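Structural description and commentary
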2 protein chains.
Amino acid sequence: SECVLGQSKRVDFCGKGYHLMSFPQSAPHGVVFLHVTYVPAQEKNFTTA
Amino acid sequence: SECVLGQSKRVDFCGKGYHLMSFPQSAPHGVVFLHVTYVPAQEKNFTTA
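Cut-off values and rules
Residues numbered from 1 in each chain as written, not as in the entry; some residues may be left out. Chains lettered and ligands numbered in written order. Part of a larger assembly, values for the part shown. Heavy atoms only, no water. Disulfide = S-S within 2.5 Å. Helix = DSSP H or I, 4+ residues; strand = E, 2+ residues; numbered from the N terminus. Buried < 20%, exposed > 50% of the residue type's maximum accessible area, 1.4 Å probe, protein only. Contact = heavy atoms within 4.5 Å. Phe/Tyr/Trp six-rings, centres within 6.5 Å; stacked < 30°, edge-to-face > 60°. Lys NZ or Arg CZ within 6 Å of the ring centre and 35° of its normal. Pairing = 2+ DSSP bridges. Patch = residues over 30% accessible without salt bridge, like charges linked within 9 Å, V, L, I, M, F, W, Y side chains within 5 Å. Areas by Shrake-Rupley, 256 points an atom, 1.4 Å probe, with all protein chains shown as cover. Salt bridge = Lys/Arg side-chain N within 4 Å of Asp/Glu carboxyl O.

For this coordinate set, the PDB header names cryo-EM as the determination method and states a resolution of 3.51 Å.

Here is the structure:
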């Protein structure tokens, strides 16, 4: 109800990283969720005030 | 996952009042959470439109 039919703001609920969307798949006596997540890559130093 | 690694918008979940942050502490066969919360103090009447 939460990951698929909308976007979830809960941290580390709909997969690791920031959540974008999800897709369901059936399986014998179970479900498989494919989460699509957003992750920052390359950091850079800076001076702030 | 929610209170510590982020800020939770759920009401009365990460302690009473508006939530700011939390800290974990170990204990024999358990955990202890220290929640830091924000509470308004002194009310004043006003007329609104």
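Considerations on the state of the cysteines
Residue and element names in this part refer to chain A. Per the stated rule, a full pass over the model turns up two disulfides over all chains. Between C3 and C14 runs a disulfide, and the two sulfur atoms are separated by 2.0 Å. Its torsion about the S-S bond being -90°, the disulfide of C3 and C14 is classed as left-handed. In this pair, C3 is assigned in the segment before β1 (18-27) and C14 in the segment before β1, connecting sequence segments eleven residues apart. Under the relative-accessibility criterion, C3 is labelled buried at 14%.

Let's talk about unusual backbone geometry
Of note in this structure, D12 of chain A is not a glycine but carries a positive phi near 60°. Along the chain, the position of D12 of chain A falls in the segment before β1. By relative accessible area, which is 36% here, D12 of chain A ends up partly exposed. Residue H29 of chain B is not a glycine yet carries a positive backbone phi of 60°. The residue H29 of chain B is located in the loop between β1 (18-27) and β2 (30-38) in this model.

Here's the deal with the environment of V4 of chain A
Residues and elements named next belong to chain A. Its place among the elements puts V4 in the segment before β1. Distance in space between the C-alpha atoms of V4 and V31 is 13 Å, their sequence separation being 27 residues. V4 has contacts with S22 and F33, leaving out every residue within four places of it along the chain.

Quick notes on the packing of aromatic side chains
All names here are of chain A. Summed over the entire model, instances satisfying the criterion amount to two aromatic pairs over all chains. Pairing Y18 with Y38 gives two aromatic rings, centres 6.2 Å apart and planes at 40°, and the pair type is tilted. On the criterion of sequence distance, the pair formed by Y18 in strand β1 and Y38 in strand β2 (residues 30-38) is long-range, its members being 20 residues apart. Over the aromatic face of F13 sits the side chain of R10, whose NZ or CZ is 4.2 Å from the ring centroid.

Re the pairing of β1 of chain B
Residue and element names in this part refer to chain B. Pairing analysis gives nine bridges linking β1 to β2, with the strands arranged antiparallel. Counted as the bridge partner of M21 is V36 from β2. Between β1 and β2, which follow one another and run antiparallel, lie two residues, and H29 among them has a positive phi close to 60°.

A short note on a nonpolar patch on the surface
A cluster of nonpolar side chains, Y18, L20, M21, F23, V32, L34, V36 and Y38 of chain A, forms an exposed patch at the surface whose accessible area comes to about 770 Å². Breaking the nonpolar patch down by element, the ones donating at least two residues are β1 and β2 of chain A.

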